[PDB]
RNA sequence: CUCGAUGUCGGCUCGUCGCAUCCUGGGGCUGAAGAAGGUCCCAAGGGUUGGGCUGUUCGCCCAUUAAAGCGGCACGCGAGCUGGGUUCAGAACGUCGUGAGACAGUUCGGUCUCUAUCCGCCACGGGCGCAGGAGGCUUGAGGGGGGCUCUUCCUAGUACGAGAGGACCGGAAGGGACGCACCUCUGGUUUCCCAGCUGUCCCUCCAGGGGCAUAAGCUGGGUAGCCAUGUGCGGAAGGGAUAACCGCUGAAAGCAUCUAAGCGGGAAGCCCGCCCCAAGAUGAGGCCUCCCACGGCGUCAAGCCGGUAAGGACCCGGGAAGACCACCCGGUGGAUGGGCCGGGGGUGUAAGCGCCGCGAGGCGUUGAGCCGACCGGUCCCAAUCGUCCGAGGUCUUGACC
């Protein structure tokens, strides 16, 4: 994928994946993805695998 | 020397099939010093110097098979401990020190409305009026960090030599890496 | 905190000036490494390096003085550009085993 | 995780909305309701009287907790939310339908029923 | 606010006994490097300057 | 006994006994088949939950549970809180009183004090001891820790059973509270490690910084150690002596009787076992590995001196070792600190120049820069040189060379 989108990344040959309601999702990564993303609009996201 | 033992490698888990965390342990054959027997009279420890080079800077199976390696010349490679086994190790607590009856000993402290009142940590009480002065009961700020700790059901998973070393099933060696580890599988229950 | 630094600061400062002062055991034991460390930077020697060293010390004269001045007299070794020497006496009332330290020379 | 009066929504339709957590179901002591687990709480509020109704004595289980669940697969999983499903004594749901995904779990501790109803089980 | 205070004349005896475990122990000092004399085991001095390097006065 | 004064309800915490035992095992009983109850004898090990409303305990109610025990110790605990409350003056009502005041009727609010001496407890050092002087290793008498449990499965839906049900016996698995230990994975830390920021003073103008804005001014994040929300693990076998309780062999009662004598059965319980000390248990224990008879003095001079680095120490340098202390490793024939150096980890691509847009900025160089303890090299630095103390081998008896 791309930490869902968070093109950064973090935590070994395992990692981990957060998640939201509605069969929707959020595979995941670092404390730079999280919080931010968990609170607005992905599009606008830069740094990473979006505003790449 | 009746047993087998060495020091703490460290911990990490990784792989398996579901996955599982253990700990590494260092120790080839720390030579063989006499051997336990109280024969004809009182016998226990001799010393026919054959040690290191520095050591004078300070100068019936378990023990038995020993005879095997302790007469070989001294040393004795560790590892019967094989594939899936339960020895037991006795680490050395951890210079944690003299602390409050808090962690030292489970206990609830200064509640709320007074769980702060620049108030806090400190036991509740000792003994009643009539009973009699005190008990040797209630612990105290009974220092820690130095205890001759250990445990049980110590299962070893695997081992390999490159450097005689052992992989463990759940670490909790007690003491810290580079620490003094001694193992055994005492009165095992999982047997 | 802000104090640990400050120290290292003025001490690092004053020192380089003389290259061996008089503070107690520890005090010195540290002003070393640090100050020390700093040195190793005068050694690096450049835009950056300087922009740091100064960053703390704050002061052309020196800052430069060392980077150029001393730095060299050291360009060769491997840290240690300081020889922390304990002292014989002790500040009064106190009784603190002060001590002296210099740029190994 | 999830006891006293921590609240959690529905994903099924039982006719609920959210529910307060009385007891962690199992036996004495015990202090925790983690998906798969089964809770002894009630309605904090439920639709316009579907079939349940606000403040209704209840029985529900674990399927969504941001407490993070360590998968024997040294893996890790969690959710943006915390809620579960009602049940018929017979570890049997009511909501005819599901909502947000969930986790293998359930299966492991019995419930298929939802296991599949679920839009997606992670 | 004297919750707790002694309760029985401390007993000279004891008292002192207390004050007993106390005691000094002369500076372990040694003898000069070449300074010739007695110095604070490990240091130059108003007799030295040396050690190996003349880092002092007199 | 106390008024030259023992601070009183409930709560909190920390608990400790006891058994008439609530849960828990073992039993005999039943109008007990099963299952589940009832009855009573034996056993306290361990254990006996969240809320509610009430100053309360008590108590009723809510959801659990095996269980949700009775009571001691001034209905334990104020020199340990609580301090609501009954129990200072206010002041209120109601209430009696000509009144004044008043009330186990009520209602608002109403100053719980830093320095433990002794005994006592928990802890760590100092003696002196254990009769050569010496470092290393072990025994444990005797103490202390810990023991609970639900549920799920086969045996089996077989015994029983008209049926709806549901076994001893025998065996898997999970989980609950709990405790020991531990960072790997997880999460909380991260007082400066790294990054973005607005206000301001110095900085030289710009840039590039600097304190302060707590003791970091603010926000994002962040090893290493500590630490849970998290990791291992544990409460078992089994051995012996019993409760109650069940039997055998058989008197006295030529017939019966677990019975005095003889022999066995039988418990979460005692003893043992499993961890945790531990001979200062003055009965100072064992054992191995070192060190040899030095001086001169009136004596059973077991008294004064060089010693033996056997050996230790002190001083230095260091430790998840740590209040001090004691305890551990090192002391330049060293890797012990720091330093440097590679390595990892960590912040998100720097200072500069460059190239696009009037500017704001961007894009590049550039996953840059900078890096606090984590893994390991290298004598740059700094543990130089030096002291002190330390044995000799007490008396009797005998056993062997």
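Screening residue C:38 on (1) outside any strand (DSSP E or B); (2) surrounded by 13 or more Cβ atoms within 10 Å (Cβ to Cβ); (3) more than 9 Å from RNA strand F (Cβ to nearest atom) shows it passes everything except condition (3). Which condition breaks for residue B:123 when tested against (1) in a loop (DSSP other than H, G, I, E, B); (2) away from RNA strand F (no atom under 11 Å from the Cβ); (3) surrounded by 15 or more Cβ atoms within 10 Å (Cβ to Cβ)? With (1) in a loop (DSSP other than H, G, I, E, B); (2) away from RNA strand F (no atom under 11 Å from the Cβ); (3) surrounded by 15 or more Cβ atoms within 10 Å (Cβ to Cβ) applied to residue B:123, the lone miss is (2).
Only one of the listed residues (E:3, E:42, E:22) is more than 9 Å from RNA strand F (Cβ to nearest atom) and in a loop (DSSP other than H, G, I, E, B). That residue is E:22.
For the range D:3-11, does any single residue satisfy the condition of being within 14 Å of chain A (Cβ to nearest Cβ), in contact with a helix residue (DSSP H, G or I) (Cβ under 7 Å, 6 or more places away or on another chain) and more than 11 Å from RNA strand F (Cβ to nearest atom)? The answer is no; no qualifying residue exists. Looking only at residues of the range D:28-59 that are within 11 Å of RNA strand F (Cβ to nearest atom) and not in a loop (DSSP other than H, G, I, E, B), we find that the one that is surrounded by the fewest Cβ atoms within 10 Å (Cβ to Cβ) is D:57.
Among residues belonging to the range C:51-100 that are near RNA strand F (Cβ under 9 Å from one of its atoms) and over 15 Å from the mean Cα position of the chain (by Cα), point out the one that is nearest to the other protein chains (Cβ to nearest Cβ). Looking at the filtered set, the residue picked out is C:86.
For the range B:95-106, the criterion of being closer than 22 Å to residue B:182 by Cβ and more than 7 Å from RNA strand F (Cβ to nearest atom) is met by no residue. Checking the structure you have, find out if any residue of the range A:35-43 is crowded, with 17+ Cβ neighbours inside 10 Å and near RNA strand F (Cβ under 9 Å from one of its atoms). The answer is no; no qualifying residue exists.
Test residue B:170 against the stated conditions and say whether it is out of contact with any strand residue (DSSP E or B) (no Cβ under 8 Å at 6 or more places or on another chain) and within 17 Å of residue B:25 (Cβ to Cβ). Judged against the criteria, residue B:170 is not a match. The residues on offer are B:172, B:186, B:180, and the sole one that is near RNA strand F (Cβ under 6 Å from one of its atoms), surrounded by 11 or more Cβ atoms within 10 Å (Cβ to Cβ) and more than 22 Å from residue B:106 (Cβ to Cβ) is B:186.
Looking only at residues that are surrounded by fewer than 20 Cβ atoms within 10 Å (Cβ to Cβ) and part of a loop (DSSP other than H, G, I, E, B) in the range D:63-77, which one is farthest from the other protein chains (Cβ to nearest Cβ)? Per the stated criteria, the residue is D:67.
Before we move on, is residue A:16 under 8 Å from the mean Cα position of the chain (by Cα), within 17 Å of residue D:79 (Cβ to Cβ) and facing another protein chain (nearest Cβ under 10 Å)? So residue A:16 does not fit the description; no.
Residue C:14 falls short on exactly one of the conditions (1) assigned to a loop (DSSP other than H, G, I, E, B); (2) more than 11 Å from RNA strand F (Cβ to nearest atom); (3) surrounded by fewer than 17 Cβ atoms within 10 Å (Cβ to Cβ), and that condition is (1).
Does the range D:85-102 contain at least one residue that is away from chain A (no Cβ under 12 Å), in contact with a strand residue (DSSP E or B) (Cβ under 7 Å, 6 or more places away or on another chain), part of a strand (DSSP E or B) and closer than 29 Å to residue B:21 by Cα? Looking for residues that are away from chain A (no Cβ under 12 Å), in contact with a strand residue (DSSP E or B) (Cβ under 7 Å, 6 or more places away or on another chain), part of a strand (DSSP E or B) and closer than 29 Å to residue B:21 by Cα, one finds none in the range D:85-102, hence no.
Would you point out the residue of the range B:56-88, among those that are near RNA strand F (Cβ under 9 Å from one of its atoms) and surrounded by 11 or more Cβ atoms within 10 Å (Cβ to Cβ), that is nearest to the chain's Cα centre (by Cα)? So the residue we want is B:88. Of the numbered criteria (1) touching a strand residue (DSSP E or B) at 6+ places or on another chain (Cβ under 6 Å); (2) within 11 Å of RNA strand F (Cβ to nearest atom); (3) assigned to a loop (DSSP other than H, G, I, E, B), the one residue B:49 fails is (1).
Since every read-out is calculated from the coordinates, none of them should be taken as a lab result. Methodologically, a virtual Cβ is constructed for each residue, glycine included, from the backbone with ideal geometry; neighbour enumeration extends over all protein chains shown.
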